[PDB]
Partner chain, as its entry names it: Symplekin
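Before any questions on how it binds or moves, here is one chain, the form solved without the partner chain, in structure tokens.
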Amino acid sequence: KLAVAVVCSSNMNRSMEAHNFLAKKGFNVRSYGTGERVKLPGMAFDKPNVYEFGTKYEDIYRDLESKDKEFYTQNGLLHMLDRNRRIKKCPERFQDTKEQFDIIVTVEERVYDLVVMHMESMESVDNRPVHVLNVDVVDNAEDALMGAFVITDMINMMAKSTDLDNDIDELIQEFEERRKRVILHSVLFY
């Protein structure tokens, strides 16, 4: 098996829908965010709700339940937290993880940039390569669901390689033609 990481900004929506999805196909998947903190929407001309990474989903859920039950089920934030609660304890910041993967998948250019940066800014004498891949996906629950499909179809095609390091470039092309998408690709070193 190959260790797959999915990264977005808040580790709340896009990455978790891909986390949930990869896992349910029996994949070795973890998920993070790249933000400073976990920012959640609240009435579009307001200051958003903010929580330090490491905060239980369940508590955030509660913090939102008390604040306005009706408003936050309305925008499906209560359900989305309900769903995350069941996967892992809390949201995790990517630049604080010590785990290692074969493929880190990012869901938008900004996050793709942050991850690549922070990994260049590190270094160590494993010299074991990790492939960072970008697959754009729009930050809404419907578009995230569909993003998990695409993402899980990409991984499913790479978990067939027994020499991923030399096959990947070609499998990204094959895949970009088939899905009519652009997949950015860096190779960083652990």
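Residue numbers count along the first chain shown, from 1.
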Between 64 to 72 and 127 to 135, which has the higher average C-alpha B-factor in the PDB entry? 64 to 72
Test of understanding: from the entry's C-alpha B-factors, which stretch has the higher mean, 142 to 150 or 118 to 126? 118 to 126
Sort the modelled residues of this chain by their C-alpha B factor and say whether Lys39 lands in the lowest, middle or highest third. highest
Split into thirds by Cα B-factor across the chain's modelled residues, where does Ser31 land: lowest, middle or highest? lowest
Relative to the other modelled residues of the same chain, rank the CA B-factor of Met157 and answer lowest, middle or highest third. middle
For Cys90, the third of its chain into which the C-alpha B factor falls: middle
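One more form of this protein should be noted, the form deposited with the partner chain bound, which is absent from this view; the next part is about it.
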Since only the chain is shown here, I'm wondering whether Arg128 would be in contact with the partner chain in the entry with it bound (any heavy atom pair within 4.5 Å). yes
Taking the partner chain as it sits in the entry with it bound, is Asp96 in contact with it (heavy atom to heavy atom, 4.5 Å or less)? no
Spell out, yes or no, whether the shortest heavy atom distance between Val116 and the partner chain in the entry with it bound is within 4.5 Å. yes
Flag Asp163 as yes or no: does it have a non-hydrogen atom within 4.5 angstroms of any non-hydrogen atom of the partner chain in the entry with it bound? yes
Going through 170 to 187 from first to last, which residues have a non-hydrogen atom within 4.5 Å of the partner chain in the entry with it bound? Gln173, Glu176, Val182, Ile183, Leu184, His185, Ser186, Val187
